[PDB]
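Just so you know, structure 1 and structure 2 below are the same protein chain in two forms, each on its own as structure tokens.
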Structure 1
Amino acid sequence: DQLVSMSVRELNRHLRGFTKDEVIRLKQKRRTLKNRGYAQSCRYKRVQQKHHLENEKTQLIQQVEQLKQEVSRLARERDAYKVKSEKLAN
């Protein structure tokens, strides 16, 4: 946590009495811990994109279904005018 959240500069401030193999080792551990979090964000973004698409779809299906009902209504009304215009031609 502090090993990940510290800046390089403040980190060295604490790596004063450390060996060279030890500094390499500690910096590898910071990289590993940071990668652990990168992976978690990566995968979290994907689930959130899935959810956002699933939601968008749900809503679109709803909107489409109400547009289809407006279309049928309106095509009926138009056809009710057409029969009384075909009936006058008769």
Structure 2
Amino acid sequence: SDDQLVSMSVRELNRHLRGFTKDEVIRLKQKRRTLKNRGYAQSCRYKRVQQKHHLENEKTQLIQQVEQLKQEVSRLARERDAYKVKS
């Protein structure tokens, strides 16, 4: 079965490929990789979405960090201005 093909032990599978011709063995060995690849690619898509968002979220954080540091610059500059004049 397709499902059973994807799911069995490295050994369990070998002990089940006995009667099948050698060229045929490879076809199903390729089928196992191909099938397993279908799974990996899916999981990769999810991960990529997570990674896309993460970078997006970093950017958000860096921007508010920029605002806040600018807001600090300005106030530290108000104090320097007022103290510069008295001095």
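We call the rigid core the largest set of C-alpha positions that still match within 1.5 Å between the two forms. Numbers given to residues start at 1 and step along the sequence of structure 1.
Only residue that shifts (Cα, 2 Å or more, rigid core superposed) between structure 1 and structure 2, among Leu74, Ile24, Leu67, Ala80: It is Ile24; the other listed residues stay below 2 Å.
Shift of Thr58 between structure 1 and structure 2 at or above 2 Å (CA, core fit): Shift of 2 Å or more: no.
Inter-form CA displacement between structure 1 and structure 2 at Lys34 - rigid core frame, Å: Looking at the C-alpha of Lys34 between structure 1 and structure 2, the offset is 1.3 Å.
Shift in Å of the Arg9 Cα between structure 1 and structure 2 [rigid core superposition]: With the rigid core fitted, the alpha carbon of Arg9 is displaced 0.7 Å between structure 1 and structure 2.
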